[PDB]
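Chemist: Okay, handing you the structure first.
Number of protein chains: 2
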Amino acid sequence: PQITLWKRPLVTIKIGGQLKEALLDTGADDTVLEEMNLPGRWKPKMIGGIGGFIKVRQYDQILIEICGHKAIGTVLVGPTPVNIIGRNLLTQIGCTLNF
Amino acid sequence: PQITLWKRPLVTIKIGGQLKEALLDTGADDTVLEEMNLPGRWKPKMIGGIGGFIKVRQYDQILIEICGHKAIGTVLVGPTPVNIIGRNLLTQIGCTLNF
Ligand SMILES: Cc1nc(COc2ccc(C[C@H](NC(=O)O[C@H]3CO[C@H]4OCC[C@H]43)[C@H](O)CN(CC(C)C)S(=O)(=O)c3ccc([C@H](C)O)cc3)cc2)cs1
Numbered sequence: 001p002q003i004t005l006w007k008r009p010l011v012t013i014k015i016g017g018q019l020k021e022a023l024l025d026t027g028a029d030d031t032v033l034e035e036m037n038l039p040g041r042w043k044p045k046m047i048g049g050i051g052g053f054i055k056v057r058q059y060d061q062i063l064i065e066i067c068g069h070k071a072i073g074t075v076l077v078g079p080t081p082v083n084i085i086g087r088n089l090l091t092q093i094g095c096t097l098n099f
Numbered sequence: 001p002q003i004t005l006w007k008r009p010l011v012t013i014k015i016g017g018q019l020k021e022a023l024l025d026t027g028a029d030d031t032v033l034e035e036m037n038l039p040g041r042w043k044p045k046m047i048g049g050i051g052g053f054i055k056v057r058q059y060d061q062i063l064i065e066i067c068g069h070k071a072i073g074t075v076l077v078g079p080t081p082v083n084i085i086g087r088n089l090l091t092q093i094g095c096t097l098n099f
């Protein structure tokens, strides 16, 4: 679809069998999701933005469905205030910026 | 134009008569630039990011050119890791997300 930016570009996603709301975020290289106890192996990472860094757990090859568009790749899990879909997955669903 | 997301959506902006590079950031409500001199009055404000809250200088009704497209709006100046163009200005230039 077409998403205007009057409000936060929040959409419904499906990850690890759960539905959540997440931001389609062109300013994020990678995807960061709220704390969730996903199965499988992970590696610790620290990621930074405004206000400093948070610790996250990096899971590879995770399936996420975004408004019906399936994607698979790296997700970082930790205490983010918001679920963030970054460019690693936006590219996979064919998402572009247009003006 | 149509901007794909395989790379960071960096653009040249014009503000205060000076050219800078900035990130088109749909996950940002607000536009936040790195420490720079800007003319006019400003008020102290706080903003929160992934890592916590920072002190910024809020400049209202500032002229800013984004890839030629003119915007006049609020610009926050402070210790952001990256110059980000947020939705307050992306809406002005007619930016949408599409997939
Ligand atoms: C109840 C509460 N809500 C909050 C605020 O919650 C939010 C809401 C949205 C965001 C998204 C964030 N936007 C943002 O900082 O925007 C601020 C300016 O406008 C306001 O509007 C929202 C906040 C304010 C960017 O879009 C994306 N970022 C990078 C850019 C800075 C370069 S990143 O997230 O740092 C990040 C870093 C690394 C990676 C991987 C490793 O690549 C992925 C993402 C973050 C926190 C606090 S408390």
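Top line first, the protein sequences correspond to chains B and A. Position 17, counted from 1, in the first sequence is what the authors' numbering calls 17; the numbers after and before it change by one each time, with no gaps. Position 60, counted from 1, in the second sequence is what the authors' numbering calls 60; the numbers after and before it change by one each time, with no gaps. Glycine included, each C-beta is placed from N, C-alpha and C at the ideal position.
Can you check whether the C-beta of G68 of chain B is within less than 8 Å of a C-beta belonging to chain A?
Modeler: Counting from one through the first sequence, the residue named residue 68 of chain B turns up at place 68. No, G68 of chain B does not count as interfacial toward chain A.
Chemist: Going by CA-CA distance only, name the one from A:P1, A:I93, A:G48 and A:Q2 that's closest to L63 of chain A.
Modeler: As a first step, residue 63 of chain A must be located in the second sequence, where it is residue number 63. Ranking A:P1, A:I93, A:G48 and A:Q2 by Cα distance to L63 of chain A puts A:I93 first.
Chemist: On the DSSP bridge assignment, give the partners of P44 of chain B in chain order.
Modeler: By 1-based counting over the first sequence, the position of residue 44 of chain B is 44. Bridge partners of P44 of chain B: B:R57.
Chemist: For ligand 1, any of its heavy atoms closer than 7 Å to the Cβ of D25 of chain A?
Modeler: Position 25 of the second sequence holds residue 25 of chain A. Yes; taking the cut-off as 7 Å, the Cβ of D25 of chain A has a heavy atom of ligand 1 nearer than that.
Chemist: Can you pull the chain B neighbours of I64 of chain A, defined as C-beta to C-beta under 7 Å?
Modeler: Indexing the second sequence from 1 puts residue 64 of chain A at position 64. The contacting residues do not exist; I64 of chain A stays about 14 Å from chain B at best.
Chemist: Examine chain A for any beta-carbon lying closer than 8 Å to the beta-carbon of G52 of chain B, and answer yes or no.
Modeler: In the first sequence, the residue the question calls residue 52 of chain B occupies position 52. Cβ-Cβ to chain A under 8 Å: yes for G52 of chain B.
Chemist: Given 7 Å as the limit, tell me if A71 of chain A has its C-beta closer than that to any heavy atom belonging to ligand 1.
Modeler: Here the question's residue 71 of chain A lines up with position 71 in the second sequence. The answer is no for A71 of chain A.
Chemist: Under 8 Å: do the stretch 44 to 62 of chain A and the stretch 19 to 27 of chain B share three or more Cβ pairs, one atom per stretch?
Modeler: no
Chemist: What separation, rounded to the nearest whole angstrom, lies between the Cα atoms of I15 of chain B and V77 of chain B?
Modeler: In the first sequence, the residue the question calls residue 15 of chain B occupies position 15. In the first sequence, the residue the question calls residue 77 of chain B occupies position 77. Their Cα atoms are separated by approximately 12 Å.
Chemist: Ligand 1 and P81 of chain B: does any heavy atom of the ligand fall closer than 7 Å to the residue's C-beta?
Modeler: Along the first sequence, read from residue 1 onward, the residue named residue 81 of chain B stands at position 81. The nearest non-hydrogen atom of ligand 1 is less than 7 Å from the C-beta of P81 of chain B.
Chemist: Measuring alpha carbon to alpha carbon, tell me which residue in A:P79, A:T80, A:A71 and A:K45 is nearest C95 of chain A.
Modeler: Along the second sequence, read from residue 1 onward, the residue named residue 95 of chain A stands at position 95. Answer by Cα proximity: A:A71.
Chemist: Taking the alpha carbon of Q58 of chain B as the reference point, which residue from B:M46, B:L5 and B:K7 has its own alpha carbon closest?
Modeler: Within the first sequence, residue 58 of chain B is the residue found at index 58, counting from 1. The shortest Cα separation from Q58 of chain B among B:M46, B:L5 and B:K7 belongs to B:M46.
Chemist: For my contact list, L89 of chain A and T4 of chain A are in at a C-beta cut-off of 8 Å; report their separation, rounded to the angstrom.
Modeler: Indexing the second sequence from 1 puts residue 89 of chain A at position 89. Indexing the second sequence from 1 puts residue 4 of chain A at position 4. 21 Å between Cβ atoms; not a contact.
Chemist: Among residues of its own chain, excluding the 5 on either side of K43 of chain B, which ones have a beta-carbon nearer than 8 Å to its beta-carbon?
Modeler: The residue given as residue 43 of chain B occupies position 43 in the first sequence. Result list for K43 of chain B: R57 and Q58, in chain order.
Chemist: Out of curiosity, what's the CA-to-CA distance linking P79 of chain A and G40 of chain A?
Modeler: As a position in the second sequence, residue 79 of chain A is number 79, starting the count at 1. As a position in the second sequence, residue 40 of chain A is number 40, starting the count at 1. The alpha-carbon atoms of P79 of chain A and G40 of chain A are separated by roughly 19 Å.
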